[PDB]
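*Asks:* Experimental coordinates follow, after the sequence.
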Amino acid sequence: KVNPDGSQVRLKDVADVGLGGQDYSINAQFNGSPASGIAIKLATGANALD
Amino acid sequence: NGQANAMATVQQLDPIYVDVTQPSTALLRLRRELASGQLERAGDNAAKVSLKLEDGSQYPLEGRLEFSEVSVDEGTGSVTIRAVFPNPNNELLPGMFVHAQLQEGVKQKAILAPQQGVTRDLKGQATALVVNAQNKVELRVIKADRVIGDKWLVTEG
Amino acid sequence: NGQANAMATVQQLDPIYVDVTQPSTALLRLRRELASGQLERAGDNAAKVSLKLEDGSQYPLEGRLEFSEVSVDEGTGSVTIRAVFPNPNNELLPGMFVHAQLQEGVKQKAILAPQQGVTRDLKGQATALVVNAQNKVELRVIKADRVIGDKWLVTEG
Amino acid sequence: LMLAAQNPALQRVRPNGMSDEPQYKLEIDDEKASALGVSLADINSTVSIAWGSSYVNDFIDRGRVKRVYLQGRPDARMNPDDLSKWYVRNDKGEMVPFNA
Amino acid sequence: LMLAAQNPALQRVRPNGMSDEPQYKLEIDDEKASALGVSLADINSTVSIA
Amino acid sequence: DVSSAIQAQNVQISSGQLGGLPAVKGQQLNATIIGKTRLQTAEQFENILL
Amino acid sequence: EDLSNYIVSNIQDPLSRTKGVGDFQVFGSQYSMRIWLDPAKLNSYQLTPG
């Protein structure tokens, strides 16, 4: 919102912006240490050894 | 007799007024830092420095600050500051949209890192690479809040 | 003579008024739960009002309370309350947005239950599992309505 | 499930779902909100963004197209009496609290 | 591309892209355009149609 | 106007949760929030404010 | 969250186009520009999240 005399409201007066997570539902850890990882499935019809 | 609309306007162009606006959130934060935080005081150099025109160029003559509006408007939460500027050649016109830089306090023992020494990694989080006593290199997350000239005014780290 | 727009304005900044809107359902629920059933009983430490600025800084001095508008607004559905505050340093300006902290009664010595034990069951109101002196699990119907910290403020059961 | 632990041929049977849990149903008064000059799509867009984390558009971060999300702050959606902390704007420019 | 032109085992080595060229980057003053009363969606709807 | 009032009052809006993530530290209450659901009976459609 | 962001932004797309990978269920997701609104500061300037 900007008035014609120069007064204005930016997006740091109503909110606080920062790089966060896209989703906060799922979270993992490994032996107590904070960790993330990707679980890999298998397409049916393909061999699981190669 | 006493009709509303004018029939002509006469105006004086020397001197000229500059009405700038300032949010009150950054106005009481200045009064908070001026007594307990990073202590600072301007002194006799709190008159003014110059202003910046529409095209971004710099005006040669500096002005003076006398206050005229202690009142917060409800829509923006901003106070108005009045300044007077000499205009000997009528380079300034009434109604122009300008940017005037005022004078906050004078920070002492300030640390200024160059531009290329500071970087921004993942999650933003401005950082630098220091060398300790054992000639290793460390990464230090710093709180670089503003740029002064060709340096960042770094306040932590 | 007697024109509409003013030439200037002069204002007095000590003391200062704080006008505060409160929805009519809030005071309707408060006056319902105060003088009937549940115990509120404000008790003479109620004219004290402390206000908090927009940046979360607590204003140091406290001020009184004096009601001045017994009428709700047809647009917003809110009642106006009025308070005075000493302003010896002109830290407050007219038009600023603040947060007043009223005290809506002080409940006596009764009860405060944790949020882990109190649950919802039986298609409606709140339940809690208690043990008796015979070490049997007994279900009790509670009337918990509001939250203090991580606790329910229960009233019955 | 009443005839489940009694059966000798079967053991440790269980539903793979989850048990029922409490939930907070809020009702708005559309008559009172419309009499107060408040548009109804404004109430819907306020409750969908301020509590439900709406998705606006994309942006670029280190050369990868990522997202920007919009939601209220954590300490303003933790309790059922925090839902009265949000305000809508009626048609003559005033702010109506949510518990009105 | 210059470390390949000195190597004698290859000839006519080239990229299959294009050379760099000047591009005219215009910037708009969103503060000034909003203080003048011009809404910022109209600037996009003008420069993306005209 | 009827087609706009129906599309504004017969909706199903994603409201959210009362203790959703990222939560403040020490949160113990958690429950989904039921907002406006779709209309089912004909008398509910008769009670739509124009 | 940084580990999940690095897994999604760097290692997910090579691991999503090999032989036999038909699904992946990474715990967490990439970064996002989270904008947390304040209802009091939104009330102070007569604004809505819309």
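*Replies:* That came through fine. Numbering: from 1, shown residues only, chains lettered A, B, ... in the order given.

*Asks:* From here on, just use CA atoms for contacts and neighbour counts.
*Replies:* OK.

*Asks:* and the strand or helix carrying residue F:44, which residues are buried?
*Replies:* Element membership of residue F:44, judged by DSSP states H and E, is helix F:42-46. Residues of helix F:42-46 classed as buried by neighbour count (16 or more other Cα atoms under 10 Å in any protein chain shown): none.

*Asks:* what do you get for stretch B:33-46?
*Replies:* Across stretch B:33-46, burial judged by 16+ other Cα under 10 Å covers B:34, B:38, B:40.

*Asks:* So for that stretch, first residue to last residue, what's the gap.
*Replies:* One end of stretch B:33-46 to the other measures 17 Å (Cα to Cα, to the nearest Å).

*Asks:* Mind naming the longest helix for chain D?
*Replies:* In chain D, assigned by DSSP state H, the helix with the most residues is helix D:40-50.

*Asks:* Quick one: list the elements packing against that one.
*Replies:* Secondary-structure packing of helix D:40-50 (3 or more Cα pairs under 8 Å, 6 or more residues apart in numbering or on different chains; DSSP states H and E): helix D:30-35, strand D:64-72, strand D:87-89, helix F:2-9.

*Asks:* what do you get if the cut-off is 6 Å, keeping everything else the same?
*Replies:* For helix D:40-50, the packing partners by 3 or more Cα pairs under 6 Å, 6 or more residues apart in numbering or on different chains; DSSP states H and E come out as strand D:64-72.

*Asks:* Alpha carbons only: can I get the strand it packs on in CSV?
*Replies:* Coordinates of each C-alpha in strand D:64-72 appear next as CSV, following Å, rounded to 0.1, in the frame of the first residue of the first chain:
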residue,chain,number,x,y,z
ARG,D,64,15.7,-24.3,-9.2
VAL,D,65,12.0,-23.5,-9.4
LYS,D,66,10.6,-23.6,-5.8
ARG,D,67,7.5,-22.4,-4.1
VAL,D,68,6.2,-19.6,-1.9
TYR,D,69,3.6,-20.4,0.7
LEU,D,70,1.5,-18.1,2.8
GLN,D,71,0.2,-18.7,6.3
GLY,D,72,-0.2,-17.1,9.7
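
*Asks:* List the buried residues for that strand?
*Replies:* Using 16+ other Cα under 10 Å as the test for burial, strand D:64-72 gives D:66-72.

*Asks:* can you check stretch F:2-22 too?
*Replies:* F:8-10, F:13-20.

*Asks:* Let's see which of the residues you listed end up in strands.
*Replies:* Counting by DSSP state E, the part of those found in strands is F:16-17.

*Asks:* Turn the buried residues of stretch F:2-22 into a markdown table, columns for distance to chain E.
*Replies:* Shown next, in a markdown table, are the buried residues of stretch F:2-22 (distance: Cα to the nearest Cα, whole Å):
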| residue | distance to chain E |
| --- | --- |
| F:8 | 25 |
| F:9 | 29 |
| F:10 | 30 |
| F:13 | 27 |
| F:14 | 28 |
| F:15 | 29 |
| F:16 | 30 |
| F:17 | 34 |
| F:18 | 36 |
| F:19 | 37 |
| F:20 | 34 |
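
*Asks:* of the buried residues of stretch B:33-46, closest to chain D?
*Replies:* Of all the buried residues of stretch B:33-46, chain D sits closest to residue B:38, with 28.9 Å by Cα to the nearest Cα.

*Asks:* Looking at chain A, which residue is nearest chain G?
*Replies:* Nearest residue of chain A to chain G (Cα to the nearest Cα) works out as residue A:38 at 3.7 Å.

*Asks:* Help me confirm that that residue is found in a helix?
*Replies:* No. Using DSSP: H, G, I helix; E, B strand; the rest coil, the assignment for residue A:38 is coil, not a helix.

*Asks:* And for it, the neighbour number?
*Replies:* 17 (other Cα atoms under 10 Å in any protein chain shown).

*Asks:* Touching, it and residue G:26? I think so.
*Replies:* Yes. If you go by Cα atoms under 6 Å, residue A:38 and residue G:26 touch, sitting 3.7 Å apart.

*Asks:* For the buried residues of strand D:64-72, give me JSON lines that also has distance to chain A.
*Replies:* Shown next, in JSON lines, are those (distance: Cα to the nearest Cα, whole Å):
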{"residue": "D:66", "distance to chain A": "9"}
{"residue": "D:67", "distance to chain A": "8"}
{"residue": "D:68", "distance to chain A": "8"}
{"residue": "D:69", "distance to chain A": "8"}
{"residue": "D:70", "distance to chain A": "10"}
{"residue": "D:71", "distance to chain A": "10"}
{"residue": "D:72", "distance to chain A": "8"}
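
*Asks:* which of those are close to chain G?
*Replies:* Filtering the buried residues of strand D:64-72 for proximity to chain G (criterion: Cα under 6 Å from any Cα of the partner chain) leaves D:67-72.

*Asks:* can you narrow these to ones near chain E?
*Replies:* Counting by Cα under 6 Å from any Cα, no member of those is near chain E.

*Asks:* Widest-spaced pair of the residues you listed?
*Replies:* By the measure Cα to Cα, D:67 and D:72 form the most distant pair in these, at 16.7 Å.

*Asks:* residue in chain F nearest to chain B?
*Replies:* Closest point on chain F to chain B, by Cα to the nearest Cα, is residue F:22, at 16.9 Å.

*Asks:* same for the helix or strand where residue D:59 lies, what does it pack against?
*Replies:* Of the helices and strands defined by DSSP H and E, residue D:59 is found in strand D:54-61. With contacts defined as 3+ Cα pairs under 6 Å, 6+ apart, the packing partners of strand D:54-61 are strand D:64-72.

*Asks:* Partner strands of the strand it packs on, with direction?
*Replies:* strand D:54-61 (antiparallel), strand G:31-37 (parallel) (DSSP bridges).

*Asks:* can you redo those as JSON lines with mean neighbour count?
*Replies:* Formatted as JSON lines, those follow (neighbours: other Cα atoms under 10 Å in any protein chain shown):
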{"stretch": "strand D:54-61", "mean neighbour count": "13"}
{"stretch": "strand G:31-37", "mean neighbour count": "23"}
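
*Asks:* In chain B, which residue is most central in space?
*Replies:* Nearest to the geometric centre of chain B sits residue B:101, at 4.3 Å (Cα atoms, centre = their mean).
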